[PDB]
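Okay, here we've got a single chain as structure tokens, the form solved without the partner chain, with questions on binding and movement later.
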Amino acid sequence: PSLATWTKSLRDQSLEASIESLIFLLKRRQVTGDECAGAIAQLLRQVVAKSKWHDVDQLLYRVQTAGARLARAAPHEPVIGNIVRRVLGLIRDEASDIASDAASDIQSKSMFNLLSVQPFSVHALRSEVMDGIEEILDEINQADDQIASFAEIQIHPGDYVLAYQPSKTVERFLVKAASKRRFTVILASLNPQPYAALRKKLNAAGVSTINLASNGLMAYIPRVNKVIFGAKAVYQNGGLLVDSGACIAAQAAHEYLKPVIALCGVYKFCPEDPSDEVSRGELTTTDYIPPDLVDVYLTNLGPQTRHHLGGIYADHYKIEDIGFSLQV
């Protein structure tokens, strides 16, 4: 019924009931975007905790199967797959004291041993994985603030900043910047007053706000200093998944030498190349921005260029967990 209600039935509901409730939320689309990322992490944590497995191989299978089901419910949401792969990667990492000693190792692996009083080895790994998943959850929750901590670096006094259909991440970024900078924000949407709350918050902070006519976006871009977008996803090639019409704004910015900045947390980094459907823009209307149109990827780790992306992907993903689509 609600994500909040779903969250606290989690620990005293059956695993299958929790998975099915979340599936229900995803399909009715009550749960959307980045709060979806956290929901996946919490459900996967419960899978690690409550499902039956004795070896990492069966733990990996469990997580992947549950992840596949969740992904299926909301195919439009690519962050779900990212969280699943991050959890799969975490499991492999921790899988690699009592285990090094032959005596204790043998004792721990036995289901009928006085250490199993589920063999000990399973329990120790289970505990460590659940902890790591909590960390992933904290990484997800803190991403917007971490991205916003670089705002003073990105925005300078007197800047004219064009924000195209700002998301929550962009809002937190602009509001934070307002605390340390005096500048102007231009809110433009090609899809047609809007963003009254955001504007009210910005104005109180000392930031001027401009509303642009739909027709004028192309005429007015030469004025602005920089263009900022929230990315729904990032791809290995440096392409982005964005709101519809963003690609047009990106090109205009590029045409007039205006830096294009994409706000994206690493959890939104998809370890694939963009599907042809995405390139077509077919993938709730989204557009695709090719890497040539993007100047900066601003992440929780800081601003990055396309050349920096390979390192980031390698740091967070395992080759075994990528290169295939989750499927039940």
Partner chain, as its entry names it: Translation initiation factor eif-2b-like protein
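Take the two forms, find the largest set of C-alpha atoms that superpose within 1.5 Å, and that set is the rigid core. Positions refer to the first chain, counted from 1.
Per the record, residue 117 and residue 118 are separated by 10 or more deposited residues that are missing from the model. In this entry, residue 96 and residue 97 are separated by 4 to 9 residues of the deposited sequence that lack coordinates.
As listed in the deposited structure, the average C-alpha B-factor of 262-270 and of 23-31 is greater for 23-31. Relative to one another, 124-132 and 221-229 have unequal mean CA B-factors, and 124-132 is the one with the higher figure. Across 142, 82, 169, 100, the entry's maximum B-factor at the CA atom is seen for 100. In this entry, the residue among 206, 245, 89, 75 with the greatest C-alpha B factor is 75. Per the deposited record, the Cα B-factor of residue 53 falls in the highest third when ranked against the other modelled residues of its chain. Ranked against the other modelled residues of its chain, the C-alpha B-factor of residue 214 as given in the entry falls in the highest third. Ranked within its chain, residue 250 lands in the middle third, by CA B factor from the PDB record. Residue 190: CA B factor lies in the highest third for its chain, per the PDB record. In the PDB entry, residue 283 places in the highest third of its chain by CA B-factor.
One more form of this protein exists, namely the form deposited with the partner chain bound; it is left out here, but the text below deals with it.
Just one listed stretch, out of 170-178, 70-78, 221-229, 130-138, contacts the partner chain in the deposited bound form at the 4.5 Å heavy atom level, and that stretch is 221-229. The shortest heavy atom separation between residue 282 and the partner chain in the deposited bound form is within 4.5 Å. Not displayed here, the partner chain is kept clear of residue 34 by more than 4.5 Å at the level of heavy atoms in the deposited bound form.
Using a 4.5 angstroms threshold between heavy atoms, residue 305 counts as touching the partner chain in the deposited bound form. The partner chain in the deposited bound form comes within 4.5 Å of a heavy atom belonging to residue 255. Checked against the partner chain in the deposited bound form, the residues 198, 212, 143, 207 give one hit for a heavy atom within 4.5 Å, which is 212. Taking 296, 47, 266, 60 one by one, only a single residue has any non-hydrogen atom within 4.5 Å of the partner chain in the deposited bound form, and it is 296.
Taken together, the three residues 1, 25 and 166 all stay farther than 4.5 Å from the partner chain in the deposited bound form, as judged by their closest heavy atom. Taking a 4.5 Å heavy atom cutoff to the partner chain in the deposited bound form, the contacting residues in 173-211 are 181, 182, 189, 190, 191, 192, 193, 199, 209, 210, 211. Just one of the listed positions, 266, 261, 31, 293, moves its Cα by at least 2 Å between the shown form and the other one when the rigid core is held fixed, and it is 31.
After superposing the rigid core, the Cα of residue 308 is displaced by less than 2 Å between the shown form and the other one.
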